[PDB]
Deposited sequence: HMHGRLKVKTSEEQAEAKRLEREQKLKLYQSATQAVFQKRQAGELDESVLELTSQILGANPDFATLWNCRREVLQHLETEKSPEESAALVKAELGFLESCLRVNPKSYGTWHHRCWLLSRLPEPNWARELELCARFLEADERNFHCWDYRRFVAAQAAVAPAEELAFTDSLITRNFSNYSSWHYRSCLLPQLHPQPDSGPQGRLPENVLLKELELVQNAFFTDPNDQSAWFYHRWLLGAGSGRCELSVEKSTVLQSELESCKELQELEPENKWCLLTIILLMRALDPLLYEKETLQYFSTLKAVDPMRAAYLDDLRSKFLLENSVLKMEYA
């Protein structure tokens, strides 16, 4: 333990001494290579130290006007490497990712296809890394990638693994872009089929249940006979799944929302039954469920006063 203490006490002396020298160098106005090596040392272990990323940027900006095209091109490739080594160690620092956009945003021809491949690498390591997905969205835009490949990219990632909340969210933003209206039914139906598949494959998979609730709201009876049969078919599949997972709260809730989506008043008795079974399985959500049930019983009272 004393060697671990003493080394970290020195890593201090070294983090502290390097930090000190960087700031000394900064008032002085020595915007040079010295600073890049010192910050290279500090930023590797603490990339949340934001001021130092700023120094690096300042040095690099100064040397775009003391070095040649070639010398400056070498500096950025060196910066790219540095960045990638910083990300392997902390793939979740805001400053590292923003420095990478900063750098790439000011290059002449940047290799965006390289950068999209980097995101695919980082996303197989951590499919939930929101910083990586945000960076991927930046690279896609900077490089005028079309919503269809990004949507094709999302097809892959769901089937491959079960860390899909981030992928289903991306789908939720991409589909509106394929059909830009201030969802079409054919599309809704196709997406409804992807999602049930996902949650019968793995019923404990909460992300698909959440995406599915969105799909249910996304545009009564103006229920076509197709949609009406698809929803009815979804309802029985969840009952089947309820017999298999009596503890599964997500399919129970979904059953309630399906019946709402079909016919509030006709399925009123079973909705009430379903709320009680559900509150018995998910007691922590007791209050939410009572409030949902009250909201629906109000809607059911409004629908009945529209009578004759």
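Annotation: deposited residues 1-14, 197-203, 241-242 are not represented by C-alpha coordinates in the model.
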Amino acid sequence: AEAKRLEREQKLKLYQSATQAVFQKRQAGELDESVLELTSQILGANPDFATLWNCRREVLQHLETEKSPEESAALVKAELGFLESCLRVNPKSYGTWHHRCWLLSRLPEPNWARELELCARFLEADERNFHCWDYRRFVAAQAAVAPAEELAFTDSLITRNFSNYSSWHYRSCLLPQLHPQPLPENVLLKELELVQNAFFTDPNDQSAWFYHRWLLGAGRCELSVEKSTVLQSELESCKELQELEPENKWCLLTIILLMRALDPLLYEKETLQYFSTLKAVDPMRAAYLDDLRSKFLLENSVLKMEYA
From here on, numbers count along this sequence of modelled residues.
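Throughout, rigid core stands for the largest set of C-alpha atoms superposing within 1.5 Å between the two forms.
Of 6-14 and 290-298, the stretch whose C-alpha atoms sit farther from the shown form in 9 other deposited structures of this protein, after fitting on the rigid core, is 6-14. Omission of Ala308 is seen in none of the other entries compared for this protein where the adjacent residues are built, far below a third.
Taking only CA atoms, the mean B-factor in the PDB entry is higher for 142-150 than for the other of 142-150 and 116-124. When the two stretches 186-194 and 89-97 are set side by side, the higher mean Cα temperature factor goes to 186-194. When the C-alpha B-factors of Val281, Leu43, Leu31, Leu257 are read from the PDB record, the largest value belongs to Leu31. Across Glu270, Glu64, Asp263, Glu58, the greatest Cα temperature factor reported in the deposited entry is at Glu64. Sort the chain's modelled residues by C-alpha temperature factor and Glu234 lands in the middle third, per the entry. For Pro203, the recorded CA B-factor ranks within the highest third of the chain. Only modelled residues enter the ranking. When the modelled residues of the chain are ordered by their C-alpha B factor, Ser166 lands in the lowest third.
Remark: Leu298 belongs to the middle third of its chain, ranked by C-alpha B-factor as recorded. In the deposited entry, the Cα temperature factor of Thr39 sits in the middle third of values across the chain's modelled residues.
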